[PDB]
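Structure data (CSV, C-alpha atoms) from run29.csv:
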```csv
chain,number,residue,atom,x,y,z
A,971,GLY,CA,-84.1,34.5,50.0
A,972,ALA,CA,-82.0,31.4,50.6
A,973,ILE,CA,-82.7,28.5,52.9
A,974,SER,CA,-80.0,29.6,55.4
A,975,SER,CA,-77.7,32.5,55.9
A,976,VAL,CA,-74.6,30.5,57.0
A,977,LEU,CA,-72.2,29.1,54.4
A,978,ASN,CA,-71.0,26.3,56.7
A,979,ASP,CA,-74.6,25.3,57.3
A,980,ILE,CA,-75.6,25.4,53.6
A,981,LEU,CA,-72.6,23.3,52.7
A,982,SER,CA,-73.4,20.8,55.5
A,983,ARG,CA,-77.1,20.3,55.0
A,984,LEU,CA,-77.4,20.4,51.2
A,985,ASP,CA,-75.7,18.5,48.4
A,986,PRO,CA,-73.5,20.5,46.1
A,987,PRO,CA,-75.9,20.8,43.1
A,988,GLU,CA,-78.4,22.7,45.3
A,989,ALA,CA,-75.8,24.0,47.8
A,990,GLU,CA,-74.2,25.9,45.0
A,991,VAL,CA,-77.6,27.4,44.0
A,992,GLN,CA,-78.3,28.5,47.6
A,993,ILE,CA,-74.8,29.9,47.9
A,994,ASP,CA,-75.3,31.8,44.7
A,995,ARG,CA,-78.5,33.3,46.2
A,996,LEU,CA,-76.7,34.3,49.4
A,997,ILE,CA,-73.7,35.6,47.4
A,998,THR,CA,-76.0,37.8,45.2
A,999,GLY,CA,-77.7,39.2,48.3
A,1000,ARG,CA,-74.5,39.9,50.2
A,1001,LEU,CA,-72.9,41.5,47.2
A,1002,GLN,CA,-76.1,43.6,46.6
A,1003,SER,CA,-75.7,44.7,50.2
A,1004,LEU,CA,-72.1,45.6,49.4
A,1005,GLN,CA,-73.0,47.8,46.4
A,1006,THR,CA,-75.7,49.5,48.5
A,1007,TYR,CA,-73.2,50.2,51.3
A,1008,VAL,CA,-70.5,51.5,48.9
A,1009,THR,CA,-73.0,53.7,47.0
A,1010,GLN,CA,-74.3,55.4,50.2
A,1011,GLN,CA,-70.6,55.6,51.3
A,1012,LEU,CA,-69.7,57.4,48.0
A,1013,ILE,CA,-72.7,59.8,48.5
A,1014,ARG,CA,-71.7,60.7,52.0
A,1015,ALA,CA,-68.2,61.0,50.6
A,1016,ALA,CA,-69.4,63.6,48.0
A,1017,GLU,CA,-71.3,65.6,50.7
A,1018,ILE,CA,-68.4,65.5,53.1
A,1019,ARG,CA,-66.0,66.4,50.3
B,971,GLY,CA,-72.6,32.3,37.4
B,972,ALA,CA,-73.5,31.0,34.0
B,973,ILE,CA,-71.9,28.1,32.1
B,974,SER,CA,-70.2,30.6,29.7
B,975,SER,CA,-69.9,34.3,29.2
B,976,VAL,CA,-70.7,34.3,25.4
B,977,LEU,CA,-74.4,34.6,24.4
B,978,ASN,CA,-73.6,32.9,21.0
B,979,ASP,CA,-72.3,29.8,22.7
B,980,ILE,CA,-75.4,29.7,24.9
B,981,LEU,CA,-77.7,30.0,21.9
B,982,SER,CA,-75.7,27.3,20.0
B,983,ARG,CA,-75.6,25.0,23.0
B,984,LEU,CA,-78.8,24.9,25.0
B,985,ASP,CA,-82.4,24.7,23.9
B,986,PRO,CA,-84.7,27.7,24.5
B,987,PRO,CA,-85.9,26.7,28.0
B,988,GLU,CA,-82.4,26.6,29.4
B,989,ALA,CA,-81.0,29.2,26.9
B,990,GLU,CA,-83.2,31.9,28.5
B,991,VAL,CA,-82.1,30.8,31.9
B,992,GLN,CA,-78.4,31.2,31.1
B,993,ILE,CA,-79.0,34.4,29.2
B,994,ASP,CA,-81.0,35.7,32.2
B,995,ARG,CA,-78.2,35.0,34.6
B,996,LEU,CA,-75.8,36.8,32.2
B,997,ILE,CA,-78.2,39.8,31.9
B,998,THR,CA,-78.6,39.9,35.7
B,999,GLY,CA,-74.9,40.0,36.4
B,1000,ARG,CA,-74.0,42.3,33.5
B,1001,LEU,CA,-76.9,44.7,34.4
B,1002,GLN,CA,-75.7,44.9,38.0
B,1003,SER,CA,-72.3,45.7,36.6
B,1004,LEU,CA,-73.7,48.5,34.4
B,1005,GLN,CA,-75.9,49.8,37.2
B,1006,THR,CA,-72.9,50.2,39.5
B,1007,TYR,CA,-71.0,51.7,36.6
B,1008,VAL,CA,-73.6,54.3,36.0
B,1009,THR,CA,-74.0,55.1,39.7
B,1010,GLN,CA,-70.3,55.6,40.1
B,1011,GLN,CA,-70.2,57.7,36.9
B,1012,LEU,CA,-73.1,59.9,38.2
B,1013,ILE,CA,-71.3,60.4,41.5
B,1014,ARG,CA,-68.1,61.3,39.6
B,1015,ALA,CA,-70.1,63.6,37.3
B,1016,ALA,CA,-71.6,65.3,40.3
B,1017,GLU,CA,-68.0,65.8,41.6
B,1018,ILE,CA,-67.0,67.2,38.3
B,1019,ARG,CA,-70.0,69.6,38.3
C,341,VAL,CA,-69.3,3.5,22.1
C,342,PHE,CA,-73.0,3.0,21.5
C,343,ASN,CA,-73.2,-0.3,19.7
C,344,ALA,CA,-70.2,-2.1,21.2
C,345,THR,CA,-70.8,-5.7,22.0
C,346,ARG,CA,-69.8,-5.4,25.7
C,347,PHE,CA,-69.3,-2.3,27.7
C,348,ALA,CA,-66.9,-2.3,30.6
C,349,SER,CA,-68.1,-2.2,34.2
C,350,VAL,CA,-68.7,1.1,36.1
C,351,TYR,CA,-65.9,-0.1,38.5
C,352,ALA,CA,-63.5,0.0,35.5
C,353,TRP,CA,-65.2,2.2,32.9
C,354,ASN,CA,-63.7,2.2,29.5
C,355,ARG,CA,-61.7,5.3,28.5
C,356,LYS,CA,-62.6,6.2,24.9
C,357,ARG,CA,-61.0,8.9,22.8
C,358,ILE,CA,-63.1,10.3,20.0
C,359,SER,CA,-61.2,12.7,17.7
C,360,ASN,CA,-60.4,13.4,14.0
C,361,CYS,CA,-63.9,12.2,13.0
C,362,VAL,CA,-67.3,13.6,12.2
C,363,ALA,CA,-69.8,13.4,15.1
C,364,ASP,CA,-73.4,12.7,13.9
C,365,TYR,CA,-76.0,12.1,16.6
C,366,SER,CA,-79.0,12.4,14.3
C,367,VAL,CA,-79.0,8.6,14.3
C,368,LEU,CA,-80.6,8.7,17.8
C,369,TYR,CA,-83.5,10.8,16.4
C,370,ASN,CA,-83.4,9.0,13.0
C,371,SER,CA,-84.1,5.7,14.7
C,372,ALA,CA,-85.7,4.6,18.0
C,373,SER,CA,-82.8,3.0,19.7
C,374,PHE,CA,-82.4,4.4,23.3
C,375,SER,CA,-85.2,4.9,25.7
C,376,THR,CA,-83.5,7.6,27.8
C,377,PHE,CA,-81.6,10.5,26.3
C,378,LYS,CA,-80.9,13.9,27.9
C,379,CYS,CA,-78.4,16.8,27.7
C,380,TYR,CA,-77.4,19.2,30.5
C,381,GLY,CA,-74.7,21.5,29.2
C,382,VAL,CA,-75.9,21.6,25.6
C,383,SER,CA,-79.0,20.9,23.5
C,384,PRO,CA,-79.9,17.4,22.2
C,385,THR,CA,-80.7,18.7,18.7
C,386,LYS,CA,-77.8,21.2,18.5
C,387,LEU,CA,-75.0,18.7,19.0
C,388,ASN,CA,-74.6,18.4,15.2
C,389,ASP,CA,-75.1,22.1,14.7
C,390,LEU,CA,-72.4,23.1,17.1
C,391,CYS,CA,-68.9,21.6,16.6
C,392,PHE,CA,-66.7,20.8,19.6
C,393,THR,CA,-62.9,20.5,20.0
C,394,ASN,CA,-62.3,17.3,21.9
C,395,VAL,CA,-65.4,15.1,22.3
C,396,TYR,CA,-65.0,12.2,24.8
C,397,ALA,CA,-67.2,9.3,25.7
C,398,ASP,CA,-67.6,7.3,28.9
C,399,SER,CA,-69.2,3.8,28.8
C,400,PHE,CA,-70.5,1.9,31.8
C,401,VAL,CA,-73.5,-0.1,33.1
C,402,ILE,CA,-75.4,0.4,36.3
C,403,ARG,CA,-78.6,-0.6,37.9
C,404,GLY,CA,-81.8,1.0,36.7
C,405,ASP,CA,-82.5,2.8,40.0
C,406,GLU,CA,-78.9,4.1,39.9
C,407,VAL,CA,-79.5,6.0,36.6
C,408,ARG,CA,-81.4,8.9,38.3
C,409,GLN,CA,-78.2,9.7,40.3
C,410,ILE,CA,-76.0,10.0,37.2
C,411,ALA,CA,-75.8,13.8,36.8
C,412,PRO,CA,-73.6,16.7,37.9
C,413,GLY,CA,-73.3,17.0,41.6
C,414,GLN,CA,-75.3,13.9,42.3
C,415,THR,CA,-74.5,11.7,45.4
C,416,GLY,CA,-75.2,8.1,46.1
C,417,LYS,CA,-73.7,4.6,46.1
C,418,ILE,CA,-72.6,5.0,42.4
C,419,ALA,CA,-71.9,8.8,42.1
C,420,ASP,CA,-69.6,9.1,45.1
C,421,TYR,CA,-67.6,5.9,44.7
C,422,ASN,CA,-66.9,4.6,41.2
C,423,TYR,CA,-68.1,7.1,38.6
C,424,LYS,CA,-68.9,10.8,39.2
C,425,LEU,CA,-69.6,13.9,37.1
C,426,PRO,CA,-68.1,17.3,37.7
C,427,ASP,CA,-70.5,19.9,39.2
C,428,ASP,CA,-69.8,22.1,36.2
C,429,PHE,CA,-69.9,19.1,33.9
C,430,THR,CA,-70.8,20.0,30.3
C,431,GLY,CA,-72.1,17.1,28.3
C,432,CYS,CA,-75.0,14.7,27.8
C,433,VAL,CA,-76.1,11.5,29.5
C,434,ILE,CA,-77.4,8.5,27.5
C,435,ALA,CA,-79.1,5.4,28.8
C,436,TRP,CA,-81.0,2.5,27.3
C,437,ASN,CA,-82.3,-1.0,28.2
D,389,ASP,CA,-110.3,29.0,42.4
D,390,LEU,CA,-108.9,30.6,39.3
D,391,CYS,CA,-111.4,30.8,36.4
D,392,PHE,CA,-110.2,30.8,32.8
D,393,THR,CA,-111.6,32.5,29.7
D,394,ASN,CA,-111.3,29.7,27.1
D,395,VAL,CA,-110.1,26.2,27.9
D,396,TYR,CA,-109.0,23.8,25.1
D,397,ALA,CA,-108.3,20.1,25.8
D,398,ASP,CA,-105.8,18.2,23.6
D,399,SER,CA,-106.3,14.4,23.9
D,400,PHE,CA,-103.6,12.1,22.5
D,401,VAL,CA,-102.0,8.7,23.1
D,402,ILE,CA,-98.3,8.1,23.1
D,403,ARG,CA,-95.7,5.5,24.1
D,404,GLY,CA,-95.6,4.7,27.8
D,405,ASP,CA,-92.1,6.1,28.1
D,406,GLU,CA,-92.9,9.3,26.2
D,407,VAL,CA,-95.2,10.7,28.9
D,408,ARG,CA,-92.2,12.2,30.9
D,409,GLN,CA,-91.3,14.2,27.8
D,410,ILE,CA,-94.7,15.9,27.5
D,411,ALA,CA,-94.2,19.3,29.2
D,412,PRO,CA,-93.1,22.9,28.4
D,413,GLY,CA,-89.5,23.0,27.3
D,414,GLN,CA,-89.0,19.2,27.3
D,415,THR,CA,-87.3,17.2,24.5
D,416,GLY,CA,-88.2,14.0,22.8
D,417,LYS,CA,-89.5,12.5,19.6
D,418,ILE,CA,-93.1,13.6,20.1
D,419,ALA,CA,-92.2,16.8,21.9
D,420,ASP,CA,-89.7,18.0,19.3
D,421,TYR,CA,-91.3,16.7,16.1
D,422,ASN,CA,-95.0,15.8,16.4
D,423,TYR,CA,-96.6,17.6,19.4
D,424,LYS,CA,-94.8,20.4,21.1
D,425,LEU,CA,-95.7,22.6,24.1
D,426,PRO,CA,-95.0,26.3,24.1
D,427,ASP,CA,-92.0,27.2,26.3
D,428,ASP,CA,-94.1,29.8,28.2
D,429,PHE,CA,-97.1,27.6,28.1
D,430,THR,CA,-99.5,28.0,31.1
D,431,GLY,CA,-101.6,24.8,31.8
D,432,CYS,CA,-101.6,21.3,33.2
D,433,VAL,CA,-100.7,17.9,31.9
D,434,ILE,CA,-102.7,14.8,32.8
D,435,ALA,CA,-101.9,11.1,32.1
D,436,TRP,CA,-103.2,7.8,33.2
D,437,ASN,CA,-102.7,4.1,32.3
```
Can you give me the file's structure in the form of structure tokens?
Amino acid sequence: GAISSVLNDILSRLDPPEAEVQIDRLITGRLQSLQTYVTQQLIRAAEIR
Amino acid sequence: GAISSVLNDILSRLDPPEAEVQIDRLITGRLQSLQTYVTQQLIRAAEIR
Amino acid sequence: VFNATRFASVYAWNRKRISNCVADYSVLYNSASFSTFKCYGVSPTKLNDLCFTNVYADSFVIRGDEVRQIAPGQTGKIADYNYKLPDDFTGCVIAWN
Amino acid sequence: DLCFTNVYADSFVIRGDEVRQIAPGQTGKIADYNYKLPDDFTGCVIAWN
């Protein structure tokens, strides 16, 4: 949902007041992917246990 | 990602239009935390079962 | 701070310490003095309701078109050289003619 | 394109500098004391010299 998916790019193009907003969006998305991955990892962990 | 982690400070500091924004960021983060907590607890409970 | 005869330049902005005193900002809303008045980290009307620990003031004068760039994270000829505000700055900005 | 049920127009005259303060969630003399807009207000604001 951000303008770009690269942190170096988002720092370079945008000023910090909006760069921090875009980085917050990207961080939220990448975390959300992490919690996804870890939950399915735990589910496969339960079945393989 | 909010200015402060206390809802009382937000209410006593910002007007409604920004107060709801800060409180919404707090709800988003804290609800993600509780969602992950409940998912991990459900997995642990399945293991206990 | 507000009614001082002569503010210092933005190049050398006065460093004012406000402490051990009662802060009453209803004067701004009790009399039409300043044309521009906004708050970012707090509410304009709750400044009196909520009491702070160490309130600090910064006085300087800039060109009219340079006022729009006086805010957290802003960039420009004034923001990035002489006086700048923290990105997480918590406070209010006051301007008048 | 979008047709409304009941439309109500509020006509008023204010200082030249007070126009920028006329909007949902804004602050100012008129906005805070005399004529205030709902925070969740849905509508448009029109002004001319």
Open item on the list: Measuring between all atoms listed in the file, which one of C:411, C:383, C:388, C:425 shows the shortest distance to residue D:413?
Closed with: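 Nearest candidate to residue D:413 out of C:411, C:383, C:388, C:425: C:383.
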Task: Contact residues around residue D:394 with only C-alpha atoms at 12 Å, ignoring same-chain residues under 3 positions, as a PyMOL selection string - done: chain D and resi 391+397+431
Can I get the selection written as a PDB file, keeping the file's coordinate frame, with C-alpha atoms?
```pdb
ATOM      1  CA  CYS D 391    -111.400  30.800  36.400  1.00  0.00           C
ATOM      2  CA  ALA D 397    -108.300  20.100  25.800  1.00  0.00           C
ATOM      3  CA  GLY D 431    -101.600  24.800  31.800  1.00  0.00           C
TER       4      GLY D 431
END
```
TODO: Quick one: pull the distance between atom CA of residue C:402 and atom CA of residue D:414, Å, one decimal.
DONE: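 Straight-line distance from atom CA of residue C:402 to atom CA of residue D:414 works out to 24.9 Å.
Any residue of chain B with an atom within 9 Å of chain A counts; using all atoms listed in the file, that gives residues 971, 1002, 1006, 1009, 1010, 1013, 1014, 1016 and 1017 of chain B.
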- [ ] Pull out every residue of chain B that has at least one atom within 10 Å of chain D, counting only C-alpha atoms, and report them as a ChimeraX atom specification.
- [x] /B:985-988
Task: Contacts of stretch 404-411 of chain D within 10 Å, all atoms listed in the file, excl. fewer than 4 positions in-chain, as a list in words - done: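 In the requested format, the answer is residues 375 and 376 of chain C; 415, 416, 417, 418, 419, 420, 423, 424, 425, 426, 427, 429, 431, 432, 433, 434, 435, 436 and 437 of chain D.
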Using C-alpha atoms, can you export the residues from the last selection as a PDB file, in the frame of the given file?
```pdb
ATOM      1  CA  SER C 375     -85.200   4.900  25.700  1.00  0.00           C
ATOM      2  CA  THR C 376     -83.500   7.600  27.800  1.00  0.00           C
TER       3      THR C 376
ATOM      4  CA  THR D 415     -87.300  17.200  24.500  1.00  0.00           C
ATOM      5  CA  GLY D 416     -88.200  14.000  22.800  1.00  0.00           C
ATOM      6  CA  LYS D 417     -89.500  12.500  19.600  1.00  0.00           C
ATOM      7  CA  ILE D 418     -93.100  13.600  20.100  1.00  0.00           C
ATOM      8  CA  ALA D 419     -92.200  16.800  21.900  1.00  0.00           C
ATOM      9  CA  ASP D 420     -89.700  18.000  19.300  1.00  0.00           C
ATOM     10  CA  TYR D 423     -96.600  17.600  19.400  1.00  0.00           C
ATOM     11  CA  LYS D 424     -94.800  20.400  21.100  1.00  0.00           C
ATOM     12  CA  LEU D 425     -95.700  22.600  24.100  1.00  0.00           C
ATOM     13  CA  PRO D 426     -95.000  26.300  24.100  1.00  0.00           C
ATOM     14  CA  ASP D 427     -92.000  27.200  26.300  1.00  0.00           C
ATOM     15  CA  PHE D 429     -97.100  27.600  28.100  1.00  0.00           C
ATOM     16  CA  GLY D 431    -101.600  24.800  31.800  1.00  0.00           C
ATOM     17  CA  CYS D 432    -101.600  21.300  33.200  1.00  0.00           C
ATOM     18  CA  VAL D 433    -100.700  17.900  31.900  1.00  0.00           C
ATOM     19  CA  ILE D 434    -102.700  14.800  32.800  1.00  0.00           C
ATOM     20  CA  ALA D 435    -101.900  11.100  32.100  1.00  0.00           C
ATOM     21  CA  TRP D 436    -103.200   7.800  33.200  1.00  0.00           C
ATOM     22  CA  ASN D 437    -102.700   4.100  32.300  1.00  0.00           C
TER      23      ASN D 437
END
```
Open item on the list: Measuring between all atoms listed in the file, which one of A:996, A:972, A:984, A:1001 shows the shortest distance to chain C?
Closed with: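 Going through A:996, A:972, A:984, A:1001 one by one, the smallest distance to chain C is for A:984.
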- [ ] Enter the distance from atom CA of residue C:386 to atom CA of residue B:997, in Å, rounded to one decimal.
- [x] 22.9 Å
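Proximity to chain A was assessed for C:394, C:385, C:415, C:354 counting only C-alpha atoms; the smallest distance is recorded for C:415.
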TODO: May I have the residues of chain C within 10 Å of chain B, counting only C-alpha atoms, written as a VMD selection string?
DONE: chain C and resid 379 to 387 389 to 391 428 to 430
Open item on the list: Between atom CA of residue C:347 and atom CA of residue C:401, what distance in Å does the model show, to one decimal?
Closed with: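 Atom-to-atom, atom CA of residue C:347 to atom CA of residue C:401, that is 7.2 Å.
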